[PDB]
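Here's the structure, in structure tokens; my notes come after.
What follows is calculated from the coordinates using simple rules that are stated; it is not laboratory data. Cβ placement follows ideal geometry from the backbone for every residue including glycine, while neighbour counts extend to all protein chains displayed.
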């Protein structure tokens with residue numbers, strides 16, 4: 001029904017959550033900056049955001065600017081959690097001291113409903129911040145949108 005907001009992290013993380021890190025997320029600037037603790041291997045750290053609007057094979061556009069104090073290249077994408085499952089995003093979120101904006105229109109070949117139920121965790125976003133940067137680093141995204149067909 002409702003997406004996350006065309007251009008998030010512009011004052012608050014909204015719902016984006018990050019596990020395997022220190023305290024909650026930190027923004028206060030206009031970019032969701034999660035603190036990745038060194039040695040973030042093993043179990044692996046990451047960030048998930050439940051609340052997406054995808055259906056069957058529809059068109060979409062992911063736009064986010066991630067930047068890690070270090071040159072870390074983790075994994076980022078999307079999928080469904082709660083049947084019928086199905087991932088449509090498969091890329092590598094590169095990061096570094098410089099800003100790493102991202103812009104690409106992919107055809108969500110799945111369906112991310114919005115029903116917060118026990119056996120129905122709906123679909124969300126998966127950020128694998130584990131098994132990538134050895135030393136300590138972090139991720140700073142900003143303005144993450146994803147809608148089907150939009151002005152241009």
Of (1) in contact with a strand residue (DSSP E or B) (Cβ under 6 Å, 6 or more places away or on another chain); (2) in a loop (DSSP other than H, G, I, E, B); (3) touching a residue at least 60 places away in the same chain (Cβ under 8 Å), residue 22 satisfies all except one. Which?
(3)
Quick check on the stretch 129-142: of everything there that is within 16 Å of the chain's Cα centre (by Cα) and not in a loop (DSSP other than H, G, I, E, B), which residue is farthest from residue 51 (Cα to Cα)?
138
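Surrounded by fewer than 17 Cβ atoms within 10 Å (Cβ to Cβ), touching a residue at least 60 places away in the same chain (Cβ under 8 Å) and part of a loop (DSSP other than H, G, I, E, B) - does that describe any residue in the stretch 43-52? I'd like the intermediate steps shown before the answer.
Narrowing the stretch 43-52 to residues surrounded by fewer than 17 Cβ atoms within 10 Å (Cβ to Cβ): 43-44, 48.
So of that shortlist, the ones also touching a residue at least 60 places away in the same chain (Cβ under 8 Å) come out as 43-44, 48.
So of that shortlist, the ones also part of a loop (DSSP other than H, G, I, E, B) come out as 43-44.
Yes: the stretch 43-52 contains one or more residues that are surrounded by fewer than 17 Cβ atoms within 10 Å (Cβ to Cβ), touching a residue at least 60 places away in the same chain (Cβ under 8 Å) and part of a loop (DSSP other than H, G, I, E, B).
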What is the one condition in (1) farther than 17 Å from residue 19 by Cβ; (2) within 18 Å of the chain's Cα centre (by Cα) that residue 51 does not satisfy?
(1)
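Take residue 83 and decide whether it is in contact (Cβ under 8 Å) with a residue 40 or more places away in the chain and either surrounded by 13 or more Cβ atoms within 10 Å (Cβ to Cβ) or assigned to a loop (DSSP other than H, G, I, E, B) (or both). It would help to see each step written out before you state the result.
Details: in contact (Cβ under 8 Å) with a residue 40 or more places away in the chain: no; either surrounded by 13 or more Cβ atoms within 10 Å (Cβ to Cβ) or assigned to a loop (DSSP other than H, G, I, E, B) (or both): yes.
It is false that residue 83 is in contact (Cβ under 8 Å) with a residue 40 or more places away in the chain and either surrounded by 13 or more Cβ atoms within 10 Å (Cβ to Cβ) or assigned to a loop (DSSP other than H, G, I, E, B) (or both).
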Does any residue of the stretch 89-102 turn out to be surrounded by 15 or more Cβ atoms within 10 Å (Cβ to Cβ), assigned to a loop (DSSP other than H, G, I, E, B) and in contact with a strand residue (DSSP E or B) (Cβ under 6 Å, 6 or more places away or on another chain)?
yes
What residue, among those in the stretch 131-147 that are out of contact with any strand residue (DSSP E or B) (no Cβ under 6 Å at 6 or more places or on another chain) and within 25 Å of residue 112 (Cα to Cα), is surrounded by the most Cβ atoms within 10 Å (Cβ to Cβ)?
143
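So which of 114, 126, 76 ends up being touching a residue at least 60 places away in the same chain (Cβ under 8 Å), within 17 Å of the chain's Cα centre (by Cα) and part of a strand (DSSP E or B)?
On the way: 114 fails: part of a strand (DSSP E or B); 76 fails: touching a residue at least 60 places away in the same chain (Cβ under 8 Å).
On inspection, the qualifying residue turns out to be 126.
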